[PDB]
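Chain by chain, the residues:
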Number of protein chains: 2
Amino acid sequence: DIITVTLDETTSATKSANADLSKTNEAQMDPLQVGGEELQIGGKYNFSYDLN
Amino acid sequence: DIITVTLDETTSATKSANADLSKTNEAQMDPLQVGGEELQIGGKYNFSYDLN
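**Brief notes about the environment of A:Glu38**
Residues and elements named next belong to chain A. Note on placement: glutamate 38 falls in strand β3 (residues 37-38). Overall, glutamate 38 belongs to the partly exposed group, its relative accessible area being 29%. Residues within four places of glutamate 38 in sequence aside, it is in contact with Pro31, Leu32, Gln33 and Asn46. Within polar-contact distance, the side chain of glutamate 38 engages the side chain of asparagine 46 at 2.9 Å.

In structure tokens form, the structure reads like this:
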């Protein structure tokens, strides 16, 4: 038996995925000055730091 | 038995998170002058400081 087929096909598929991570640090301190002079810890260490 | 499936799928998912921290200090004092002369504590220390 003869049967006619209408070819009408349309398929479409998409997918996506993304990720992000970020972190930052910034800590800075000038040498501490008390009494007109620069404070010293130990023998050669200041009250200062720098992180980045 | 023949069953027709209509492919209609749509999924979407998002997520986000962020954080902040901040701190600052700024203390400054000029050398104290009383009586026309610069006050001295101990033998060599002023009344001044500088923090940052």
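Anyway, onward from the coordinates.
**Here we look at the sheet that holds β3(A)**
Taken in spatial order, the four strands of this open sheet run β3(A)-β2(A)-β4(B)-β1(B), and their pairing is antiparallel. Each edge of the sheet is formed by a strand with only one pairing partner; in this case those strands are β3 of chain A together with β1 (27-29) of chain B. One ladder, built from two bridges, connects strand β2 (residues 33-34) of chain A with β3(A); its direction is antiparallel. Counterpart to A:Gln33 in the pairing with β3(A) is A:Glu38.

**Considerations on the interface of chain A and chain B**
Taken together, the contact pairs 10 residues of chain A with eight residues of chain B. Summed over both partners, the interface of chain A with chain B comes to about 650 Å²; 51% of that surface belongs to carbon and sulfur atoms. The largest per-residue losses of area from chain A upon contact with chain B belong to A:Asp30, A:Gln33 and A:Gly35, which jointly make up 51% of the total buried on that side. Applying the counting rule to chain A against chain B returns zero salt bridges. Applying the counting criterion to the chain A and chain B interface returns five residue pairs in polar contact.

Reading guide: rules and limits
- Residues numbered from 1 in each chain as written, not as in the entry; some residues may be left out.
- Chains lettered and ligands numbered in written order.
- Part of a larger assembly, values for the part shown.
- Heavy atoms only, no water.
- Helix = DSSP H or I, 4+ residues; strand = E, 2+ residues; numbered from the N terminus.
- Buried < 20%, exposed > 50% of the residue type's maximum accessible area, 1.4 Å probe, protein only.
- Contact = heavy atoms within 4.5 Å.
- Polar contact = N/O pair within 3.5 Å; in protein donor to acceptor, adjacent residues only side chain to side chain.
- Pairing = 2+ DSSP bridges.
- Buried area = accessible area lost by both parts, 1.4 Å probe.
- Salt bridge = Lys/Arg side-chain N within 4 Å of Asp/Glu carboxyl O.

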